[PDB]
Each structure stands twice: as structure tokens, then as C-alpha cells.
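Student: Protein sequence lines, in the order shown, are assigned to chains A and H.
If you count by the entry's author numbering, then the first sequence holds residues 26 to 248, 260 to 474, one letter each, in order.
The second sequence begins at 9 in the entry's author numbering and counts up by one.
Note that CB positions come from ideal geometry on N, CA and C, so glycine has one too.
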Amino acid sequence: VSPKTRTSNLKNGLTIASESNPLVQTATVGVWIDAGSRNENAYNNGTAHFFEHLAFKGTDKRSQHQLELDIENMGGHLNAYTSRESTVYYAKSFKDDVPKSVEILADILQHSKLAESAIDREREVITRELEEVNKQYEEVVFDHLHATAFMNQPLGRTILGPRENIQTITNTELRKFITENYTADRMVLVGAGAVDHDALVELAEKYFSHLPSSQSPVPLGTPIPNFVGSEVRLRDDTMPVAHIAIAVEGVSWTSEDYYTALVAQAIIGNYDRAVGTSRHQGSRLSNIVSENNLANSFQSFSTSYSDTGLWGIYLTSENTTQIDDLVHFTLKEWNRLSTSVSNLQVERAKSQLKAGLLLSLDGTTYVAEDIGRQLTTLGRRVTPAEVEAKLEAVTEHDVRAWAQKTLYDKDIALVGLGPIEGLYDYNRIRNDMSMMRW
Amino acid sequence: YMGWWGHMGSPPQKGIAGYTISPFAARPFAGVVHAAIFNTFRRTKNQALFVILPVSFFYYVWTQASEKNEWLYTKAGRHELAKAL
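Written out as C-alpha cells, the structure is:
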């Protein structure tokens, strides 16, 4: 039984949330923000990611060099990432270096210079990032997947933004973005590891008290996406491995079917030929794929956003003449979530998930990430007892009913990259979303 | 000269991104009225000579031949028929 997550607020509406672990000597403090690329329009798309670069380029007090030195002297590191719906800035340090790290984070968020000289310098760095993501195939596949599934909608945009915007982002629009979005009612100060809650609340009162509040404070994790069944093919015969993602519209964080979608995802599960145990996994798709050498790997996913999600699978394969079999067998396993699953698969997946949801949190950064994610998506940290009860509530009838309305005979978004000549056209893929025998 | 899926015999393809949408997401008859009128007119206009010239020529040849044949087997065509045989 893990220690209780303590939660306090300031007057501006900044949440402070902490989970102490007296067995570790490091601490992760940081700021989770309920804001990301999805808050940009088409003209300033790329701003949030641009800011993340400039946040480390110097503040009104410390210059770029002083900032570098200050963190080096702390002993730990700082890290940041911007996603579609969430931005994070955190600092891992020693137990007693926590007040320094809170002070540095408060500085780079509130008091960053955003000097025209630095904007102009990063404008080239970010331009080079556009031509080097090209190598991270999983990311290429998932960014095309969002672009097509949410065609011409904010969730469909990339985080980097178009080349055109990178050349035209000004310090004005950067400042406007962080003034509109980085407000106290959208922010959570999180501490995990060797942190005292009462100490962290004091540090928040010292550094984050002059944060603007938004005019209309909605609750944390408050959002209309119209999924497009569609396909992107990026054939490249010179690549040896095909990367394929298939997804349907999934569930939001606060859906009533959130746990049902996780259980369904665990029934298919993951596979990787490089792991020794993977040939012995219980999943039917795992057995088909391993016995027939259809794939190097597959990874089921159920990605959630505030108002939508994507549920699907990501496959990698060198077997270029049997891509058709791989896709066929995968979608016939999805069909069985509608037609065939019983208490056998459901109770096995529940067993595996009851542990999996706890196992994931195995270090201070994972704990901080869990507190921050849950506070910015649900407005509260959900206790493991509540999670165990929501999983236990999932029956085989729930899984069948969910799959029948979410998967069965539904449109998919499909992305293929690499030697995908053997991937059939959209209709033949989408025809495997149902079974004529049922 | 033809392989099969996965090794069809194409030269290596690279650099083309292809996009499409589901049959359920699309209007199958989008732009049908424009197509039926303007597209068919364009396609027909561009091929009309290749049909009209041979058809009109061979119809004229037939018409002349059939009218002469008919005339030769009337009373008026007696003499010309006698010579023709």
C-alpha cells in the first residue's frame, strides 16, 4: 500500500500534489500544464514547441550560461516535453536541492527572456528537426496517424508545426501563447520521492504566487473531434521493415468505457520477437504471429485525449510477402472481441492489468508523471483501490458491447510506411473489420 | 513480367505519399452532375472525329451503292443493267 497523495491549492488556483517515498534520496519536482499544441491555431502551430526550446535559453536574471551553470551546480537535471494536450517541465535532484530546482523552474516559466536573437538562432535548430524526425519511424507513423484520423482538426496537427510557421514565429506570439495558456488554474506543481508536501506548498507560495488566473476557470482536464476513416501510404522500397498502424476512434480519459478499452487492449497485447518470453504469451494474436513469423513486433495502444482517443495496434514486419496475413489475422483477432470473448480472456486480461497499472510506477519520475497526468486529465489522483474496483467492474459483456460499437464494422485510420506493396487497398483492410460468418 | 503482392516487379518506389478516405466517409456521387455534363462533353468532343469520319464515309459509300443497285433493277435502269452484266 503506497503512501497517500497529498493535494493542496494556492489562492490563484495552482494545485500542489505530492507523494513522498522515504526510501529514496532523489526527488522529482515539476510543473504539469493542461495545455499543449492543440491550443494553437493554424497560424501559430509550432509555438508551444518553440517555447520549450526558448525556456532554456535564458531568463531576466540568469543568462543562458548562468542557467547551465546553476543546474550543473544543483547536481541533477531538468527536462521538458510538449505534447498535443499536455506540457511538462520537471527537475530531478537530490533531496535537499529541491528549493533550488523549484526556483529555477519558476524562473524559466514566468520570467523567460524570449530575446529576438535567440528566437532567430533556434529558428534554424528547429528547422533541422523537421528533417531528422524522418528517422524515428514510430513517430513518423503516429504523426501521420493523427493527421489523417483527425483530418484538418487541431488534434491532427503536428507539435513541431509547418516550416512556414517556424520562420514566422515572433516573441510576441510566444509571449501571447504562454500568457493565455500557462495560467495557475491549468498548472499543477508535482513532487515525488524525497519531498515534504508542506515544504513544497511553501515553495509554491514563494515562487508561483504571482501567476495569472484565467478569466473563466474550468476544472482540470476539460476539453469536437470527428474521426475520418482514411489511409496514408508512405511506400519506401528501400526500407527493410514495414511499419503499419491501424486505429479506430477510441475513448477519452473520462469515458465510462476507459477501463473496458484497456482490458480489450490487453487481450490483444504486445509482442516482440527479441524478447525470450514473447513466444509463450497467451494472446491468440501473439501465437499466430510468432508461429508464422509474421512480424518482428506489435504493440496494442489505447491513447486518450480530453474528448476522444485512438485505439489500435502498431506492427513492424520484415515479412513483406505476408503483410496481408499479418493484417488479416490481426483484424480477425479484433473481430473476436465482438463475437467470441468470454470470461476466459477477460479475467486473464484483468489479472494482468491489476498488476500492470501499479508496476509501471517504479521510480520518482514515473510517480511524478502519474500524479501530473492524472491531475491534469481527471482533476484528481485516483487511488489504486478505486482503480482495482473499476477494473473488477469490467465484465465479458462490457468488452463485447464495447467492441461491437467501437470496432465491429467501423472505419479505421491506417498508416503504412516502408515496403508496403503487399498491404492491400483500404476496402480489403476495412472488410476485415467484420466477419461474414457472424 | 508480373510478380505477385510484395514483389510485383515495380522499380523501387520512394517519395510518394498516397492518401484516401473510407467509402463510408465519402459521397460516392460527389460532382456527378458536373461530370455527367462537362466531363462527358470534353471526352466526347475530343474523340468525335475518329468516329464521325469513318462512319460517315462508309455510310455514304453504302448509300450510293444501294441506291444504284435499286435503280439498275427498275425499268429506267434496264439498259445500264444490261451493260453491268
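For chain H, is any of its Cβ atoms less than 7 angstroms away from the one on residue 468 of chain A?
Tutor: Between residue 468 of chain A and chain H, the shortest Cβ-Cβ separation is not below 7 angstroms.
Student: Residues of chain A with CB closer than 9 angstroms to the CB of residue 5 of chain H, please, in chain order.
Tutor: No answer is possible for residue 5 of chain H: the residues shown for chain H start at 9 and end at 93.
Student: Using a cut-off of 9 angstroms between C-beta atoms, extract the partners of residue 457 of chain A located in chain H.
Tutor: 13, 14, 15, 16, 18, 21
Student: Let me know if residue 120 of chain A comes out buried or exposed under the rule of 16 or more other beta-carbons within 10 Å of its beta-carbon.
Tutor: exposed
Student: Check the DSSP bridge columns for residue 178 of chain A and list the partner residues they point to.
Tutor: Its beta-bridge partners do not exist; DSSP assigns none.
Student: Is the shortest distance between the beta-carbon of residue 232 of chain A and the beta-carbons of chain H less than 7 angstroms?
Tutor: no
Student: Of all Cβ atoms in chain A, is any one closer than 7 angstroms to the Cβ of residue 9 of chain H?
Tutor: no
Student: With a cut-off of 7 angstroms, does the C-beta of residue 29 of chain H fall near any C-beta of chain A?
Tutor: yes
Student: DSSP three-state call for residue 381 of chain A: helix, strand or coil?
Tutor: helix
Student: Which word fits residue 438 of chain A, buried or exposed, when buried means at least 16 other C-beta atoms lie within 10 angstroms of its C-beta?
Tutor: buried
Student: If distances are taken between C-alpha atoms only, which option among A:82, A:332, A:443, A:330 comes closest to residue 371 of chain A?
Tutor: A:443
Student: Between which two residues does the beta strand (DSSP E) holding residue 57 of chain A run?
Tutor: Taken as a continuous stretch (DSSP letters only), the beta strand (DSSP E) holding residue 57 of chain A covers 51 to 58.
Student: Could you tell me the boundaries of the alpha helix (DSSP H) in which residue 371 of chain A lies?
Tutor: 359 to 375
Student: Output yes if chain A places a C-beta closer than 7 angstroms to the C-beta of residue 49 of chain H; else output no.
Tutor: False, the Cβ-Cβ gap to chain A never drops below 7 angstroms.
Student: What runs of the beta strand (DSSP E), each 3 residues or longer, lie entirely inside the segment 388 to 422 of chain A?
Tutor: Correct list: empty.
Student: Who are residue 23 of chain A's beta bridge partners in DSSP?
Tutor: Because chain A is modelled from 26 through 474, residue 23 of chain A falls outside the range shown and cannot be assessed.
Student: What residue ranges within the segment 185 to 240 of chain A form continuous beta strand (DSSP E) runs of no fewer than 3 residues, ordered along the chain?
Tutor: The qualifying runs are 212 to 218.
Student: Put residue 315 of chain A into one of helix, strand or coil per three-state DSSP.
Tutor: helix
Student: Would you identify the three-state DSSP class for residue 129 of chain A, choosing helix, strand or coil?
Tutor: helix
Student: What is the residue span of the beta strand (DSSP E) that residue 31 of chain A lies within?
Tutor: 31 to 34
Student: How big is the Cα-Cα spacing for residue 257 of chain A and residue 411 of chain A?
Tutor: There are no atomic positions for residue 257 of chain A here, as chain A continues from 248 directly to 260.
Student: Using a Cβ-Cβ distance under 7 angstroms, would residue 7 of chain H count as near chain A?
Tutor: As displayed, chain H neither begins before 9 nor continues past 93, which places residue 7 of chain H out of reach and without an answer.
Student: Out of A:347, A:308, A:59, point me to the one whose CA is closest to residue 243 of chain A's CA.
Tutor: A:59
Student: Can you tell me where the beta strand (DSSP E) with residue 347 of chain A in it begins and where it stops?
Tutor: 345 to 353
Student: Count the other C-beta atoms from every protein chain shown that fall within 10 angstroms of the C-beta of residue 86 of chain A, then say buried if there are 16 or more, exposed otherwise.
Tutor: A residue is called buried when at least 16 other Cβ atoms come within 10 angstroms of its Cβ; residue 86 of chain A does not meet this threshold and is exposed.
Student: What does DSSP give as the partner residues of residue 137 of chain A in its beta bridges?
Tutor: A:84
Student: Residue 308 of chain A by DSSP, collapsed to three states: which one?
Tutor: Taken through DSSP and simplified to helix, strand or coil, residue 308 of chain A comes out as strand.
Student: Is the Cβ of residue 205 of chain A closer than 7 angstroms to any Cβ of chain H?
Tutor: False, the Cβ-Cβ gap to chain H never drops below 7 angstroms.
Student: Using a cut-off of 7 angstroms between C-beta atoms, extract the partners of residue 462 of chain A located in chain H.
Tutor: 28, 30
Student: Decide if residue 184 of chain A is buried, meaning its Cβ has at least 16 other Cβ atoms within 10 Å, or exposed.
Tutor: buried
Student: Applying the criterion that 16 or more other CB atoms from any shown protein chain within 10 Å of the CB defines a buried residue, is residue 68 of chain A buried or exposed?
Tutor: exposed
Student: Helix, strand or coil: how does DSSP classify residue 335 of chain A here?
Tutor: strand
Student: Using a Cβ distance threshold of 8 angstroms, determine whether the segment 201 to 215 of chain A contacts the segment 90 to 97 of chain A, with at least three qualifying pairs required.
Tutor: They do not touch, by the three-pair rule.
Student: At a CB-CB cut-off below 9 angstroms, which residues of chain H make contact with residue 266 of chain A?
Tutor: 27, 28, 29, 30, 33
Student: Below 7 angstroms between beta carbons: does that hold for residue 214 of chain A and residue 41 of chain A?
Tutor: The answer is yes: Cβ separation under 7 angstroms.
Student: Ends of the beta strand (DSSP E) at residue 444 of chain A?
Tutor: Run containing residue 444 of chain A: none; DSSP gives neither H nor E here.
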